[PDB]
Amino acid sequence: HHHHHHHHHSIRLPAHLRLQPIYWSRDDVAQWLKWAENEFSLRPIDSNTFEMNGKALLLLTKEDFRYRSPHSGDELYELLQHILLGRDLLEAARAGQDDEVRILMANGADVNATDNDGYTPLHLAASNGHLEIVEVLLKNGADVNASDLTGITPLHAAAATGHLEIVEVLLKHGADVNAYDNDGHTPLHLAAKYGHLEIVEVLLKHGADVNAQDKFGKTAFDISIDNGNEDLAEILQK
């Protein structure tokens, strides 16, 4: 157990590009070209070769990109596709649209797509209780331990929200039972905070450190007492 990070190789967009491409302004298109040239080590791109907004970019075909940028146009086109499909997959995972998740993966969506808060599809499916999507994403190679910008992993999310079956599946697929977020909380702390006694028991059986202390100086036992949950306090003592 450790402080996890984003999945290495996932596309993480800069601040001006947090919105969906349909909302990109003319300025945002120019910023995207500059960011892409650096992130992907491309030949120099003249910003005046795409004098348009994001809606316009979305109408261009790959051939149009190549005409505008012989050296990098196809890469820019595929980068935009990855951004679009990644968002589609994040949304389908959040919403519990099992078929759409399957279809998007068959069409090349990145299983480790990451939004601007660092959430992956697996994190959104875990938080929202969508067990079948968690299983599909894991079967497609999702990073079980990739954490959001606050250090929260999928296992943290499932433990906090009370989805025991998802907790079990994540553990079976290698989730770090002792992952710590930026406030020093482990999954055990969050299961205790939200009163999920059965999850506490599973985490303990899989090696959770009952004595882990968060940045406020508290263990899971302390959190349970703070909430007046003597049921949970007793499990943690015994």
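Just count from 1 along the sequence shown to find any residue number.
For the pair 163 to 171 and 110 to 118, the mean B factor over Cα atoms is greater in 110 to 118.
When 132 to 140 is weighed against 72 to 80, 132 to 140 comes out higher, by mean CA B-factor as recorded in the entry.
The entry lists C-alpha B-factors for 41, 48, 186, 61, and the highest of these is at 48.
When the modelled residues of the chain are ordered by C-alpha B-factor, residue 9 sits in the highest third. Sort the chain's modelled residues by C-alpha temperature factor and residue 151 lands in the middle third, per the entry.
Among all modelled residues in this chain, the alpha-carbon of residue 34 has a temperature factor (C-alpha) in the middle third. Ranked by C-alpha B-factor against the other modelled residues of its chain, residue 16 falls in the highest third. Ranked against the other modelled residues of its chain, the C-alpha B-factor of residue 105 as given in the entry falls in the highest third.
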